[PDB]
Structure formats: C-alpha cells, structure tokens
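Throughout, protein chains are lettered first and strands after them, A, B, ... in sequence-line order, and every chain is numbered starting at 1.
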2 protein chains.
Amino acid sequence: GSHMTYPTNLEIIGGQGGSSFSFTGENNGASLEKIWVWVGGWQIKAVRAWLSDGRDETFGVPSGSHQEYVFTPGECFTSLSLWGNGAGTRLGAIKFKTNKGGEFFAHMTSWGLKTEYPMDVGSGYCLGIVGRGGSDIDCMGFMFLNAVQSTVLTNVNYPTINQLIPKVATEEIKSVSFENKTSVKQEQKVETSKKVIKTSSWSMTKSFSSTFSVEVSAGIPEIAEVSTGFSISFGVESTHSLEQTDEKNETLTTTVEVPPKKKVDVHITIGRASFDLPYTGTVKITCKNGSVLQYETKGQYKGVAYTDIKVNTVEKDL
Amino acid sequence: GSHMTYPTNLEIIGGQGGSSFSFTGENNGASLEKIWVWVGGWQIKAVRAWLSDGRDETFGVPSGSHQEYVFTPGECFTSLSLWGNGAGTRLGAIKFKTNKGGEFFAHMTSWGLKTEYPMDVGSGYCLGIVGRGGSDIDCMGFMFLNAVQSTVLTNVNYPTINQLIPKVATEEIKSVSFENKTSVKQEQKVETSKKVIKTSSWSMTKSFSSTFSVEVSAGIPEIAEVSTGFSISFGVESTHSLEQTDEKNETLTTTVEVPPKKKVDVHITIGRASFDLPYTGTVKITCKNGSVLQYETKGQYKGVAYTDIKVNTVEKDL
Ligand SMILES: OC[C@H]1O[C@@](CO)(O[C@H]2O[C@H](CO)[C@@H](O)[C@H](O)[C@H]2O)[C@@H](O)[C@@H]1O
Ligand SMILES: OC[C@H]1O[C@@](CO)(O[C@H]2O[C@H](CO)[C@@H](O)[C@H](O)[C@H]2O)[C@@H](O)[C@@H]1O
Ligand SMILES: [Cl-]
Ligand SMILES: [Cl-]
C-alpha cells in the first residue's frame, strides 16, 4: 500500500484503437494556448493543439468546420468534463470553463451523449493533451499540473558575466568647498544622502508567470569600483521575486582634512550600472501532494546596480 | 560642551536691513519648486518662490526682467554659492547646480562680485528661502534638509475605514463533481492553488517621494468573510514600501464528504476587494546627524486584498 503522487493529473476517456500520442509541456512548462476541435456524428473527429512554446500538432483527421478556443496568458481551466461516444470506442465530447469566464463545448452530432466524466483540473494549468488517434480521436485526456505549493527559479547562472564590461554612469550628489585661512590643520564633517533604486528582472514565459507566483533563489550581479576597472561581481544567493525593486537612502559620513593656507574641493558621486545579460536556471515546481516537476530554462536578466558613494577631494593653495 | 545638531542647514548672506521673512516647507515637507530672481546694479532686487504645496510669495520689489529656475520632482541642488554686494548691505548673487545637470547664476549688474560663499546643500533637498527684504533682498539663504538616514511614514490611520462597506468580487478557482453509488459515506481530497497579488499604496507629494526612500510603518486594510457578511479590519503594523506588491500561491487542501447515493458539487472560490480610502499619518525624517523633522500628512490609500479561499459544497440524489 505504498502510495505514489505525481505532479500531473490526466484522465483519458474513450476507446483503445488508434495510435498513442502525447503532446504536453510537461518537460518545459509550456501550456495549451489554442485548441481546434472537429466533430463527427459518433466521435470527436480530430484535435489540433498549440502549446505556448510554439508547438502545433493535429491528431485524428479533420472533417468539416472546427470549433476553437484561444487561451490568454494566465487563463486556467476551472472545470472540465469529457464524454465517450457511449460505446467505449471514441471520445464523444469536451466541455470546459475557464477562470476568465469562458466556456467551450464540442460534441459528436448524431448520437446522444451518455455518461459525463467530470475531471479535477488540479491547479487549472493545462499542459496539453494525451491520447490515441487514427482517423478519429479514439481517446483523449487533458493533462493538468496538480495544485502547487511553490514555484521557484533556482540554480541561476549568468554564463557571460565574466566576459562583461559594465558601463558605469556617474551621478553627481554634491560638491562642497572649504578654505583654511589659518596656519594649522582643520577638519570638516561632510554628510551625504542619496536615494538609490536597485532593480532585478528575470524574464519568464508569460503563460507560466501569469499563472504562478515564481520565487527566485539567486545571486544578483553587483558592481564595485576596482582600481583597474569595473567588474560585475556575481553576488550572494537569496530570495527575490521575478521583478524586484529595492529603494534605500544610501548615506556616508566623511571627515575632510583642510590643510593650512589651502582650499579643498570635495566632490561626491555615485556610479550607476545597467546589466542586460542572459541567464539559465532550473524551474522547480513542488505540488501540494509532495511531488515535483522541474525543468531547465533560460532568459534575460536585467539589473540596475550602484557603486558605493565616492568622495574625491581636490586640494589647492589659496 | 554638549553638541547640538539640526535637521535643516541654512546660511544667510547679506545685510541687516529690511524685514524678516521665512518661506519654507519645514512644517510640511514642501520643497522649492520654482524661483524667479530680479537683479539691480548693486543688489538682488527681488525673489519670487513657489513651493511644492502651492504656496507662492515674492520678497523685495521686482524691477526689470526676471531669471527663472523650474525644479522637477527629484531635482536636488548639488552645489550653491551666494555673494553679498561687497558692501555687506544686500545679497548680490546666487549660483547653483542641480543633480539633473542644471546651472543657474543671477547677479547684480554693476558692482563687482567679491567674496563667494559656498554652501553645504545637505541632502540637496531645498525646503525654501529665509532672509530679509524691503525694496530689495537685504539678505537671504536657501534652507536644505540635512543628509537623511531614514524617512518613515508612520502613525497611519484610515479615518473612514469603520464606515466602509467593501465591494468583494468572487473569482472562481475550480469546480468538481463526485458521485457516491454505494449506501456508504465516501471521502475525496481536493487540493487547490491560486496566485494572488495583494497591493498597497500610500500617495505622497512626488517631490518628496522622488528624492527620499520612504518606508511605511502601517497596518494594511484586510478583508475576511464573516458568517454575517464582509469585515474590513485594520491589520497589525509592519514595514512596507510606499508602493508595495506581494504575490503568492494561496493554497488549500479540502476533504470532501460524499454521503451515500448522492452527487456532490464542490465550488472553490476566492474573494477580491479593492480599497480606495483616505489616510493620515506622520512623516518622520531622521537625519544622519541625529536630528529629526516630523510633520503630519494626508493622502489616499489604494489596496487590493483577498479573502481566504472558500469551499461551498452542494448535494443531490444520484
Ligand atoms: O472511423 C475511422 C475509420 O478508419 C479506420 C481504418 O482507416 O480505422 C482507423 O481509425 C480508427 C479511429 O481513429 C482507429 O481506431 C483505427 O485504429 C485506425 O486504423 C476504420 O477502421 C475506421 O472505421
Ligand atoms: O534699496 C532701495 C531703497 O529702499 C529704502 C526705502 O526707500 O529702504 C528699504 O529697502 C531696503 C532694501 O530692502 C531696506 O534695507 C530698508 O529697511 C527698507 O526701508 C531705502 O533706504 C533704500 O535706498
Ligand atoms: Cl464511452
Ligand atoms: Cl558683502
């Protein structure tokens, strides 16, 4: 009585003729984006499906006109029922409703419908379809991702980061001038504050990111001003959102030495850098039922990062 | 030997004639938004200033054309110098630069400029002007907020929240049906997941919020479904940003009981509420130098909140 749970939920209805097919995003997180259904008198005749990664395949042999459903990003199933043709030999009908208020019903046209099979749609996120086709749709089911506990983008790498030479724009914060009339050392306290807005963005297919709250477990590219240039350090690992912004009041206290019979000009600045670079990582979906679905992904990271506040003092003799 | 610090920085240059004026946002965080300067042969003739709260005053008596500087939100001074008229009886010139690359220089037209007085602009955020005027500008200084350590919106109240009746819109997450053909009670586990995006925002004058990173210490309006109806409670105080979004995967596991020889329909939903109400609070500015500037404020809070996920089951015979 060992019990197995799975990250997907799939119930296939119909007969056992035809040849098996499996058309799902279960290895890359792709979802069902569009479906065309053709019907006959005593069967679903054919199905054409488009997944959000651009795959497009037809099962069975179309005849007549089709019915269409176009799913928008974030649109999930709220319910699904399938019918066989009543004889156990073909799929007979598909009915569903979505979380955007849509409803779709496609059914054989001659024979009356018999036993309805209502399905659990899991999370509501449909990964595609699986079944058997020949001239017709012998059998089919819709594959759903089961309800999700967490969705994490982890194992993030930036494979061009070491090659990259970042452009650091200087922002002026303040300049102050002092003059020391006396023949003895002077010291001046200078306090600086400046609002900095650091941002991080990891791109993601919009279907997946509209449906799930993706946490990011990653290091953030950072800038420090090295004496021989600017290097993009790949910082310490922590948790973020896919689009993240962190504001603060960056501050510094400087004690400026003003020698005798000298004027000192103090110039206070900060450096700003925009990263725009590829990343790779692993999407890890953990379902409520304990199972996991993971897959490798790649995208673009965009970052805005700042140096420390910099103080430059220029001494002159008046 | 005690040491006294202050949250504003103000150095007044010129003579002692005329009458005192003080035109600053040091009681409501308003900043200098626009300035017009008129000059004469041996003086600054007049200054007209506009603060970000809509105040507008003129000091001295204009003659001739004016020079103008218009400050955009977030534009701070990076440097400032003032001159007297050389005789110590009038302000004679104003020169400044800003963090958006601007520069402005207004000076008396006949008498030569003597001693330049360079000023520490503090945070760069100019609260306004203080000085003496009669026919002319006898003396003036620009007041700055000193470098800032933190800016916090706290003591937040929503004085209409008790009168409020909230619009709750119901979103469908999933529905499923079960059938029990036995004369024996049956159980079914249904797991649910749903992405929710909760948002908070407290309005603030754009000049202040563009210059400073404002942390919010507040309770957030929250919504629960009571057996009677829909509660709107304050929440417990915590730290937020002025514009805050929090995504999560809300989840639920439900054990559904199917009584013998019954159909049971399970309808899983969540309630969404939009708040749009007034708030009051206290802005607390703590300077690097330990001093504090506090003032009361008011604005509009906008929120999106959600109830817990709800399960409603209905039963029939079959
Ligand atoms: O009804 C379709 C028609 O086609 C045939 C033979 O070409 O069978 C093909 O299609 C069936 C439905 O997809 C499959 O079950 C079968 O395996 C496949 O050869 C006829 O047998 C059938 O009547
Ligand atoms: O500066 C012009 C002229 O104004 C007079 C009055 O005619 O003085 C007024 O303006 C001065 C500059 O603002 C003030 O110092 C003075 O207090 C005020 O009465 C003249 O004295 C002066 O020459
Ligand atoms: Cl059947
Ligand atoms: Cl002078």
Side-chain angles (χ1 to χ4, degrees), chain A residues 5 9-11 13 69 74-84 86 92-107 112-126 141-142 144-148 211 287-289, chain B residues 165-196 223-231 249-273 305-318:
Chain A
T5 59
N9 205 308
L10 168 68
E11 306 285 358
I13 295 299
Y69 202 90
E75 185 169 19
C76 291
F77 286 59
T78 56
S79 63
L80 165 71
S81 285
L82 302 184
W83 292 249
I94 300 162
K95 189 181 278 187
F96 63 83
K97 296 177 68 164
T98 79
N99 68 352
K100 303 297 180 58
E103 186 155 349
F104 182 88
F105 187 28
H107 57 82
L113 299 187
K114 308 221 149 42
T115 310
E116 174 175 5
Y117 298 95
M119 306 302 186
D120 192 328
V121 299
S123 66
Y125 188 76
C126 184
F142 283 82
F144 300 94
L145 191 61
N146 272 312
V148 167
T211 293
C287 295
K288 261 269 189 272
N289 67 19
Chain B
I165 303 162
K167 289 190 196 306
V168 186
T170 300
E171 296 178 4
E172 269 288 353
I173 300 177
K174 66 192 283 192
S175 297
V176 56
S177 202
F178 305 105
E179 269 184 349
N180 206 16
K181 291 165 186 299
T182 69
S183 54
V184 193
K185 267 144 164 35
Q186 187 65 48
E187 288 190 3
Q188 294 287 354
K189 200 178 194 167
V190 181
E191 294 164 334
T192 299
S193 66
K194 165 71 167 165
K195 187 190 186 177
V196 304
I223 184 145
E225 191 163 41
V226 197
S227 63
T228 39
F230 282 127
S231 69
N249 298 301
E250 277 291 316
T251 79
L252 182 55
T253 306
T254 308
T255 313
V256 178
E257 213 205 296
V258 205
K261 302 203 164 157
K262 301 270 187 158
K263 253 187 209 170
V264 177
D265 290 306
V266 188
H267 301 288
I268 307 185
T269 57
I270 193 165
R272 191 190 197 248
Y306 287 81
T307 72
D308 282 346
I309 291 166
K310 306 303 184 163
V311 180
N312 275 255
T313 63
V314 300
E315 63 181 46
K316 303 165 187 172
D317 295 304
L318 174 57

Chemist: Under a 3.5 Å threshold, yes or no: a donor from one side chain and an acceptor from the other, between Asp265(B) and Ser177(B)?
Modeler: yes
Chemist: Answer yes if the side chains of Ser81(A) and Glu116(A) hold a donor-acceptor pair under 3.5 Å, and no otherwise.
Modeler: yes
Chemist: Heavy-atom distance under 4.5 Å between the side chains of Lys195(B) and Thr211(A), does that happen here?
Modeler: no
Chemist: Between the side chain of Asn146(A) and the main-chain N/O of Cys287(A), is any donor-acceptor distance below 3.5 Å?
Modeler: no
Chemist: Please give me the minimum heavy-atom distance between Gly102(A) and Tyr69(A), naming the atom from each residue.
Modeler: CA-OH, 3.5 Å
Chemist: Should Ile13(A) and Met119(A) count as side-chain neighbours, where that means a heavy-atom distance under 4.5 Å?
Modeler: yes
Chemist: Above 12 or not: heavy atoms from other molecules or residues under 6.0 Å from NZ of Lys263(B)?
Modeler: no
Chemist: Apply side-chain contact (heavy atoms from CB on, under 4.5 Å) to residues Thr254(B) and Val266(B) and explain how you reach the verdict.
Modeler: CA-CA 10 Å; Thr254(B) 308; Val266(B) 188; 5.8 Å; no
Chemist: Using every non-hydrogen atom in the two residues, find where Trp83(A) and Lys95(A) come nearest and quote the distance to one decimal.
Modeler: CZ3-CB, 3.6 Å
Chemist: Start with the C-alpha distance between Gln186(B) and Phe178(B), add both sets of side-chain angles, then the distance that settles side-chain contact (heavy atoms from CB on, under 4.5 Å), and finish with yes or no.
Modeler: CA-CA 10 Å; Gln186(B) 187 65 48; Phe178(B) 305 105; over 6 Å; no
Chemist: With rounding to the nearest 0.5 angstrom, report the OG1 to CD1 distance, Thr78(A) to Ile173(B).
Modeler: 10.5 Å
Chemist: Taking all heavy atoms of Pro259(B) and all of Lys185(B), pick out the closest pair and write down the distance.
Modeler: CB-NZ, 3.7 Å
Chemist: Are the side chains of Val121(A) and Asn9(A) in touch, meaning some heavy atoms are under 4.5 Å apart?
Modeler: no
Chemist: If every non-hydrogen atom of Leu10(A) is compared with every non-hydrogen atom of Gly141(A), which pair is closest and at what distance?
Modeler: CD1-C, 3.6 Å
Chemist: Can you tell me which residue among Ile270(B), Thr269(B), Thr170(B) is in a side-chain contact (heavy atoms from CB on, under 4.5 Å) with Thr307(B)?
Modeler: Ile270(B)
Chemist: Are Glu172(B) and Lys97(A) packed together at the side-chain level, in the sense that at least one heavy-atom pair is separated by less than 4.5 angstrom?
Modeler: no
Chemist: Can you find a heavy atom in the side chain of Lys262(B) that is under 4.5 Å from one in the side chain of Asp317(B)?
Modeler: yes
Chemist: Could you tell me whether the side chain of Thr98(A) and the main chain of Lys100(A) form a donor-acceptor pair under 3.5 Å?
Modeler: yes
Chemist: Any donor-acceptor pair under 3.5 Å linking the side chain of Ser193(B) with the backbone of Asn249(B)?
Modeler: no
Chemist: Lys189(B) versus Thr253(B): any side-chain heavy-atom pair under 4.5 Å?
Modeler: yes
Chemist: Does the side chain of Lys174(B) reach to within under 4.5 Å of the side chain of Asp120(A), using non-hydrogen atoms?
Modeler: yes
Chemist: What's the separation between atom CD in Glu250(B) and atom OH in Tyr306(B), rounded to the nearest 0.5 Å?
Modeler: 10.0 Å
Chemist: Would you name the heavy atoms of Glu315(B) and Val264(B) that are closest together and state the gap between them?
Modeler: CB-CG2, 4.0 Å
Chemist: Enter the distance from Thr313(B):OG1 to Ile268(B):CD1 here, rounded to the nearest 0.5 Å.
Modeler: 10.0 Å
Chemist: With heavy-atom distances below 4.5 Å as the criterion, would you say the side chains of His267(B) and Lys310(B) are in contact?
Modeler: no
Chemist: At their closest point, which heavy atom of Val226(B) faces which heavy atom of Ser231(B), and how far apart are they?
Modeler: CG2-CB, 3.7 Å
Chemist: So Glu179(B) and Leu318(B), side-chain contact (heavy atoms from CB on, under 4.5 Å) or not? Walk me through it.
Modeler: CA-CA 7 Å; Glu179(B) 269 184 349; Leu318(B) 174 57; 3.9 Å; yes
Chemist: How are the rings of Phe77(A) and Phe142(A) set relative to one another: parallel (under 30°), tilted (30 to 60°) or perpendicular (over 60°)?
Modeler: tilted
Chemist: Begin from the C-alpha positions of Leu80(A) and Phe144(A) and carry the test side-chain contact (heavy atoms from CB on, under 4.5 Å) through to its verdict.
Modeler: CA-CA 11 Å; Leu80(A) 165 71; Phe144(A) 300 94; 3.7 Å; yes
Chemist: Can you measure from CD1 (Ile309(B)) to CG (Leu252(B)) and round to the nearest 0.5 angstrom?
Modeler: 5.5 Å
